[PDB]
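Chemist: just the first chains of my complex for now:
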Amino acid sequence: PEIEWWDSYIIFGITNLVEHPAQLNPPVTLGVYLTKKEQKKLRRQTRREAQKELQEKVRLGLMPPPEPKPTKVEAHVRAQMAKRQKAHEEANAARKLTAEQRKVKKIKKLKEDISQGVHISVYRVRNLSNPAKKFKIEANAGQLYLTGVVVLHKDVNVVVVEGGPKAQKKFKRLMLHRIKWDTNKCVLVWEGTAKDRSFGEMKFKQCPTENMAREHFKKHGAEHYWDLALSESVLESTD
Amino acid sequence: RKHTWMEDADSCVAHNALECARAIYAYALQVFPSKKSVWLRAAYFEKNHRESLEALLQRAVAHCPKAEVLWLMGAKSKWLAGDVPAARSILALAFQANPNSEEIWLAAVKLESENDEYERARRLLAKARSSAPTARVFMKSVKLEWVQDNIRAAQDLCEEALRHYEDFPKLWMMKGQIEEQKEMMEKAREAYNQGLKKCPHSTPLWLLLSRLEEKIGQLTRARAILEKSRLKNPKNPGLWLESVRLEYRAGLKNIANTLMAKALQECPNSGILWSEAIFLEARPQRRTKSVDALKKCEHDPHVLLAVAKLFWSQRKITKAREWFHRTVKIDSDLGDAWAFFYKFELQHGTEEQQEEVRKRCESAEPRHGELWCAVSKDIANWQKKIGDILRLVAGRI
Amino acid sequence: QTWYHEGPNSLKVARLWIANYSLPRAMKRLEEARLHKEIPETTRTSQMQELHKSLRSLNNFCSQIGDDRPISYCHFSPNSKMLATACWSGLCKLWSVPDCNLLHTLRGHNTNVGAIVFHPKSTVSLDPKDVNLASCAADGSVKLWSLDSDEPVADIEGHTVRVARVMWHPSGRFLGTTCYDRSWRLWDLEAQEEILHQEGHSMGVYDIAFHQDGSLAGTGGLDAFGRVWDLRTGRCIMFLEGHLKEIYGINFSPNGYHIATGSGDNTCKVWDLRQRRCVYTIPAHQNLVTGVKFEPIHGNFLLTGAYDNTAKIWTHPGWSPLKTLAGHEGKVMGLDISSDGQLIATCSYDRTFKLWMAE
């Protein structure tokens, strides 16, 4: 390179002009807590207006008042306490998270808000050709809404995981403590954050030699995880 | 039934009586000549409860061959009780009994090295150095030419020993200590450094390189050696306590206290670091730092030694004596727990209490104490008896 | 929306001075790089394997406590004999290195000191009496020091909030200063007047690093966007982003290509300047990356600090992890490599500063 391009821009381009360039945005709500006495007071006043509005609806006369509580009399009250326990099971029967409201609330528990930046684990394992452990990795990456890849190679196979931080902590609890591996160990190679998510979903790509695995990573703009895990693997193998 | 008799004999010897235990041992070993453990239990019982040592070990040398622990128990019993000049003969019959060269040979050099005429203790080890021994043998050989005076041959034997046995770190410790007692001292740095780059997860060798580079000046390099040690192991109390003591031996008491806090962060249930942390606090605050130490690591001998040293430090002798008794009974194998105990009982107590604290130390002979192994590895104080060792640690406090 | 503002003519004469100082430096650097390219690749690759055999044998020696407060920054002097540390108390100690004896602590700060930076002509071309050091603090404070006074010489009062870092121009006549005004100032030593107050970030600016030929000055701050300013034109030359978290360290390479911005998202990112790209995003550490420093004059490797307890050596170019300089018990706050390449120091939150060397 003959002269680097700012030097070619000036050789004259200077005078007494300092400038304010193109400000770019960097790439809130607070919960309310109550003391226990305030919980008692809020509960008791909500209940006092609840009793007041139930007695109000009795005062309007929409309905007779609710159920107040030798074989014949407590047989009546047995049918009425069956009615009472049945109404408790009715109020538990509705408001039940029927079959898929559990599913959408488990989803909104597990699917975080990743824009605001995605936390990335990179692991290397010496060998995960075991079917059960590659199933645990694939299924728990899909189920924790974690994205990424497991490229497969001899002596260093790379698990790039990419999701929200509460899922990343569960995946490192899985990968480092829950999956019992054994000379075969799994380490945490990297645990960082990138701007937004790179991979598609947890797909076990594979090539037995290193250059095509780096090419598959370079397709995603993520070759640095491969070069890092490969280089620290071969440095552990030499040391 | 043999396991039942051994359990009932242990319970009877613990609770009430001894002669019923002698009778059940005579019966249970007249049922069969047995494994090494039952003769061993009879011999240990009689070593707790003098002529019957010779009787039972003679029956063991008759009816139980290849139980060499009974052979060495017999040889030590004929050393202490009767005297020397036949037990070697008895060990010579062990020479007639076992050509396996593992433990009887360095027992023999213990025998002829306690006494005069160590040149015989040369030539025998010569035999052992070609016989069939784990170069454990060699370190006794390296102690051989170290206790009289180190020759250049004393540097030669450890070098040939490491040329055989690079992996063993106590040989590197002996090479470094020998080079420390030579004239200059970076040869000992070379020895410790090569050992620590080859052994490498052995904490007393890191402690030796630390104390060496602290002693010659450049305390910063000693802090670097200890910090390499705390990384390369990691998470052990023995290097954390030496780092704390390195800052406390210099003027940096605040940095010693924050390294003690960092140490108790990552290894809370450890005796030595809490026993140092009680000492590091200001004296009105040791009273509850010690209570937290008892709650983290209860039934630890270093911690109860620290509580006894606290009660003696606050001059409450009636509680310090009880806590020292608890210290020595939780673990009597710790040497400093007898050091402070005899120094306290010579500071406070009748003459028969000093009698007591030198009864029970020679009863169960200790190890593992850093003052105790600080004089038990002084080669000027190496082959001397254990009351002399307890007096030497009690005078150096 | 690039807004322009008229400055004083002190800025104009300073920019023509920076031009006529930087252009011969850039010509000489490019010609020496052209002479370094024309020698055969056997000698060059054998020299880099020589250097990597040395750099994998970087062992720690002379780790020394700085204060009862965690040290925030070290900067090797030229002549590489002193080492200015910056504690989180007011003190800015100066250790005689590699011996690590203390030499005349600098008192005169109150809140947490950020960087203390030696002059580029401190030992070599600057007398001890003349200004030699420049510290900065967590209040509005930048203040120059001599090597023999222990209480400063004339401070800088253009600041009102926390100044994060300070760096000199490779001249020494200029003193870049990231403030938390979402801006960085550029003080001058001949005129003794703040010539430039560049606002170009949306959030506060953390670290400034000047090009070793003197022409450029990269910044980068809590807005996660690093800038590359020319001193001569204002005119942010290569806006660089891809970090999402707060960029905590810039350094320019002695070969004029690269800028390694280390950020709060545990990456480091090596950017070109002749490509305007992000050449390689080093997945550096487990926690955030504060100190990023290339080697001096030859510039063959890249040392990253960390808020895990490590600091790592990456080859340059290639970015493979030559050696983790681990061993600290706290977060590595700042570092510097000596100007001969032989010595490497990292301060930390462990209250220590160390030295790593070839064995």
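Modeler: Now that the structure is in, tell me what you want to look at. Residues are numbered from 1 along each chain as shown, chains lettered A, B, ... in the order given.

Chemist: and the longest helix seen in chain A, what does it pack against?
Modeler: Of all the elements of type helix in chain A, the one with the most residues (DSSP state H) is helix A:36-60. Under the contact criterion of 3 or more Cβ pairs under 8 Å, 6 or more residues apart in numbering or on different chains; DSSP states H and E, the helices and strands touching helix A:36-60 comprise an empty set. Placement of C-beta: from N, CA and C, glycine included.

Chemist: now the helix or strand following it - C-alpha only, PDB.
Modeler: Sequence-wise, the next helix or strand beyond helix A:36-60 is helix A:73-93, with elements assigned using DSSP states H and E. Listed next in PDB are the C-alpha coordinates belonging to helix A:73-93 (Å, rounded to 0.1, in the frame of the first residue of the first chain):
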ATOM      1  CA  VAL A  73     -80.200 -33.400  58.500                       C
ATOM      2  CA  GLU A  74     -76.500 -34.000  58.000                       C
ATOM      3  CA  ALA A  75     -77.400 -35.900  54.800                       C
ATOM      4  CA  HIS A  76     -78.800 -32.500  53.600                       C
ATOM      5  CA  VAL A  77     -75.700 -30.700  54.800                       C
ATOM      6  CA  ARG A  78     -73.700 -33.600  53.300                       C
ATOM      7  CA  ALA A  79     -75.200 -32.800  49.900                       C
ATOM      8  CA  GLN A  80     -74.600 -29.100  50.700                       C
ATOM      9  CA  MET A  81     -70.900 -29.600  51.600                       C
ATOM     10  CA  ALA A  82     -70.600 -31.800  48.500                       C
ATOM     11  CA  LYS A  83     -72.000 -28.700  46.700                       C
ATOM     12  CA  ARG A  84     -69.400 -26.600  48.500                       C
ATOM     13  CA  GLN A  85     -66.400 -28.800  47.800                       C
ATOM     14  CA  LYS A  86     -67.800 -29.200  44.300                       C
ATOM     15  CA  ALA A  87     -67.900 -25.400  43.900                       C
ATOM     16  CA  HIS A  88     -64.300 -25.200  45.100                       C
ATOM     17  CA  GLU A  89     -63.400 -27.800  42.500                       C
ATOM     18  CA  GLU A  90     -65.400 -25.700  40.000                       C
ATOM     19  CA  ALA A  91     -63.400 -22.600  40.800                       C
ATOM     20  CA  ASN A  92     -60.300 -24.800  40.400                       C
ATOM     21  CA  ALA A  93     -61.800 -26.400  37.300                       C
END
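
Chemist: could you point out which element follows helix A:73-93?
Modeler: helix A:101-110.

Chemist: flag every buried residue along that next one.
Modeler: Counting neighbours by 16 or more other Cβ atoms under 10 Å in any protein chain shown, one finds that the buried residues in helix A:101-110 are residue A:110.

Chemist: now that helix: how far from the chain's centre is it?
Modeler: Here helix A:101-110 is found 11 Å from its chain centre; the criterion is Cα atoms, centre = their mean, to the nearest Å.

Chemist: which residues sit against that helix?
Modeler: Counting contacts by Cβ atoms under 8 Å, 6 or more residues apart in numbering or on different chains, the residues outside helix A:101-110 that touch it are A:97, A:143-145, A:167.

Chemist: so residue C:248: helix, strand or coil?
Modeler: Using DSSP: H, G, I helix; E, B strand; the rest coil, the structure places residue C:248 in strand.

Chemist: how deep is it tucked in, by neighbour count?
Modeler: Residues near residue C:248, counting by other Cβ atoms under 10 Å in any protein chain shown, number 27.

Chemist: from chain B, how far off is it?
Modeler: Distance check for residue C:248 against chain B: by Cβ to the nearest Cβ, to the nearest Å, it reads 24 Å.

Chemist: sequence below should go in as chain D:
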Amino acid sequence: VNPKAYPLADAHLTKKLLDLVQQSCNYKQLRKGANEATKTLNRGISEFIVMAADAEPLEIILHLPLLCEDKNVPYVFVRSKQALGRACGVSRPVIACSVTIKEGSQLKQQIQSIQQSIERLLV
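Modeler: Alright, chain D goes in next:
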């Protein structure tokens, strides 16, 4: 705010902080008060210290950063003492809280994540 209050937690971090302090109040892992935070720092049983930047004067808790550097404990400043006090389950303002270690309690993962996050704030 006060410039000596350092590090200062932003809005997302202080929301996580006050929810963790609320959970520790529920799990009985929380010691409210500058004297109780000083005590649990001295006893070494503190996971982390939160403090209040709107404590006037600030220096009645500014000894607690120094204790958090001599005990290796993460410390962080919340914006105001009223929100921190309500986050401890008391209606009074609380200027310094100590979330403390307990025997394998279920907040240890949240406490570890918040420890790693507020040791990034002092930079």
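
Chemist: and the neighbour count of residue C:248, now that chain D is part of it?
Modeler: Other residues near residue C:248 number 28, with proximity taken as other Cβ under 10 Å.

Chemist: I figured residue C:29 hits residue C:213, correct?
Modeler: Yes - using Cβ atoms under 8 Å as the test, residue C:29 is close enough to residue C:213 to be in contact (5.3 Å).

Chemist: of the two, which one has the most company?
Modeler: Taking other Cβ under 10 Å, residue C:29 and residue C:213 do not tie; residue C:213 has more neighbours (22 against 19).

Chemist: next up, the contacts around the more buried one.
Modeler: In this structure, residue C:213 makes contact with C:22, C:25-26, C:29, C:170, C:256, judged by Cβ under 8 Å, 6+ apart.

Chemist: who does the residue nearest the centre of chain D form a beta bridge with?
Modeler: Residue closest to the average C-alpha location in chain D (Cα atoms, centre = their mean): residue D:50, at 1.6 Å. The residues listed as beta-bridge partners of residue D:50 by DSSP bridges are residue D:76, residue D:97.

Chemist: distance-wise, check it relative to residue A:75.
Modeler: Going from residue D:50 to residue A:75 by Cβ to Cβ, to the nearest Å gives 61 Å.

Chemist: got it, and residue A:42?
Modeler: From residue A:42 to residue A:75 the distance is 41 Å (Cβ to Cβ).

Chemist: sorry, back to before: what about the contacts of residue C:213, which are in helices?
Modeler: C:22, C:25-26, C:29.

Chemist: now, which of those residues sits nearest chain B?
Modeler: Distance to chain B, by Cβ to the nearest Cβ, is smallest for residue C:29 among those, at 36.2 Å.

Chemist: quick one: contacts for that closest one?
Modeler: Contacts of residue C:29 were listed using Cβ under 8 Å, 6+ apart, and they are C:212-213, C:254-256.

Chemist: also residue B:59?
Modeler: Counting by Cβ under 8 Å, 6+ apart, the residues that residue B:59 touches are residue B:29.

Chemist: what about it, is that helix, strand or coil?
Modeler: Using three-state DSSP, the structure places residue B:59 in helix.

Chemist: cool, and residue C:4?
Modeler: At residue C:4, secondary structure determined by three-state DSSP is strand.

Chemist: thought the residue nearest to the centre of chain D was touching residue D:76?
Modeler: Yes - look at residue D:50 against residue D:76 with Cβ under 8 Å: they come within range, at 5.7 Å.

Chemist: where do the contact lists of these two overlap?
Modeler: Taking Cβ under 8 Å, 6+ apart as the contact definition, residue D:50 and residue D:76 share the neighbouring residues D:9, D:17.

Chemist: just give me how far the helix or strand harbouring residue B:14 sits from the chain centre.
Modeler: Taking DSSP H and E as the criterion, the element that holds residue B:14 is helix B:2-15. With Cα atoms, centre = their mean as the basis, the distance from the averaged C-alpha position of helix B:2-15 to the chain average is 29 Å.

Chemist: ditto for stretch A:54-73
Modeler: Relative to the chain's own centre, stretch A:54-73 is displaced by 49 Å; criterion: Cα atoms, centre = their mean.

Chemist: what lies in contact with that stretch?
Modeler: Contacts of stretch A:54-73 from elsewhere in the structure, counted by Cβ under 8 Å, 6+ apart, are A:77, A:80-81, A:83-84.

Chemist: 10 Å instead?
Modeler: Contacts with stretch A:54-73, where a contact means Cβ atoms under 10 Å, 6 or more residues apart in numbering or on different chains, come from A:49, A:52-53, A:77-78, A:80-81, A:83-84, A:87.
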